[PDB]
2 protein chains.
Amino acid sequence: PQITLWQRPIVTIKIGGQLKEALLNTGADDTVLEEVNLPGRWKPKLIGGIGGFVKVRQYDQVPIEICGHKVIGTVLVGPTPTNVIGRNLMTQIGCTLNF
Amino acid sequence: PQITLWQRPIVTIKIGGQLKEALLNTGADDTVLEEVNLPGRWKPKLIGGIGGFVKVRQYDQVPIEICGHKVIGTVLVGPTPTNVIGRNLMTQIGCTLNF
């Protein structure tokens, strides 16, 4: 699709057998999601850096569908004020900025 | 242009007679820039909200060129870890997300 930016670019995703919503965020390097149960292995990762860090669980090669596009990428799972799809997964779906 | 997202979408801007660089950020509602001197009127605005708020100066109808596109929009001036072009100005330049 083509998504204009007059409103927040919130899209439907399917991850870990659940439907969720997340913000397509070109300002975010990584994809961070709350309340997802993923199988398979993870390692702790520190993200952010303002005021302290936030610890999240890093899962690599996670299957995820974003707006109907089935891709694979690293998903960080843990505390975030809004579910965010970062550049790491936007590249996978072939998302570009155009003007 | 078409901008892929393998690297941070950092673009050249011209604002207040200075060349600067800023991040095209679809996750940001507003455009926030550091170290710019703008003429004309402003009002204080509180942004963010995590850990407290950040106070910035809100300038409306600011002329700004973004990657060669001359537009007008609200610019918030004050403390930010990176210069950010938010949705408010991305709409103005006709920037869309495409996949």
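Here is how names work: the chains are called A, B, and so on, in the same order as the sequence lines, proteins then strands, and each is numbered from 1.
Between the side chain of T96(A) and the backbone N or O of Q2(B), no donor-acceptor pair lies under 3.5 Å. A distance-only check finds no donor-acceptor pair linking the side chain of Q58(B) to the backbone of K43(B) [under 3.5 Å]. Not a single donor-acceptor pair under 3.5 Å links the side chain of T12(B) to the backbone N or O of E21(B).
Using a 30° and 60° split on the angle between ring planes, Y59(B) and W42(B) fall in the tilted class, from 30° to 60°.
Considering every non-hydrogen atom in both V84(B) and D30(B), the closest pair reads CG1-O, 4.1 Å. The nearest pair of heavy atoms linking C95(A) to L5(B) is O-CD1, 3.4 Å.
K55(A) pairs with exactly one of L76(A), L46(A), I47(A) by the side-chain contact (heavy atoms from CB on, under 4.5 Å) rule, that one being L46(A).
Taking 4.5 Å as the limit, some side-chain heavy atom of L97(B) sits within range of a side-chain heavy atom of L97(A). Side-chain atoms of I3(A) and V11(A), non-hydrogen and from C-beta on, do get closer than 4.5 Å to each other. Put simply, the side chain of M90(A) reaches to within 4.5 Å of the side chain of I85(A), judged on heavy atoms.
Other residues, nucleotides and ligands place more than 12 heavy atoms under 6.0 Å from the CD atom of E65(B). Counting non-hydrogen atoms of other residues, nucleotides and ligands closer than 6.0 Å to NZ of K20(B) gives a total above 12. Around the CD atom of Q18(B), the shell of radius 6.0 Å holds more than 12 heavy atoms that belong to other residues, nucleotides or ligands. Atom CD1 of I50(A) has 12 or fewer neighbouring heavy atoms from other residues, nucleotides or ligands inside a 6.0 Å radius.
Criterion: ILVMFWY side-chain heavy atoms under 4.5 Å apart, direct or through other members. Under it, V54(A) and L38(A) are not part of a common hydrophobic cluster. Transitive grouping of hydrophobic side chains (ILVMFWY, heavy atoms separated by less than 4.5 Å) keeps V56(A) and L23(A) in distinct clusters. Side-chain heavy atoms closer than 4.5 Å link hydrophobic residues (I, L, V, M, F, W, Y) into clusters, and following such links, even through other members, never connects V32(A) to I64(A). The cluster map of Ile, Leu, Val, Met, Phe, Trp and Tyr, joined by side-chain heavy atoms under 4.5 Å apart, puts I13(A) and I93(A) in the same cluster.
Summarising the geometry, atom CD belonging to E35(A) is positioned 10.5 Å from atom CG belonging to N37(A); distances are rounded to the nearest 0.5 Å. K45(B) contributes atom NZ, which lies 10.5 Å from atom CZ of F53(B) (distance to the nearest 0.5 angstrom).
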TODO: Give the C-alpha distance, both sets of side-chain angles, the deciding distance and a yes or no for side-chain hydrogen bond (donor to acceptor under 3.5 Å, both in side chains) between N25(A) and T26(B).
DONE: CA-CA 5 Å; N25(A) 190 350; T26(B) 57; 4.6 Å; no
TODO: Evaluate side-chain contact (heavy atoms from CB on, under 4.5 Å) for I10(A) paired with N83(A), printing each intermediate quantity in order.
DONE: CA-CA 9 Å; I10(A) 294 169; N83(A) 289 338; over 6 Å; no
- [ ] Apply the test side-chain contact (heavy atoms from CB on, under 4.5 Å) to residues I66(B) and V71(B): give CA-CA distance (whole Å), side-chain angles for both, the deciding distance (0.1 Å), then the verdict.
- [x] CA-CA 8 Å; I66(B) 300 167; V71(B) 291; 4.2 Å; yes
Task: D29(A) and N88(A): CA distance, side-chain angles, deciding distance, side-chain contact (heavy atoms from CB on, under 4.5 Å) verdict - done: CA-CA 6 Å; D29(A) 299 341; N88(A) 77 300; over 6 Å; no
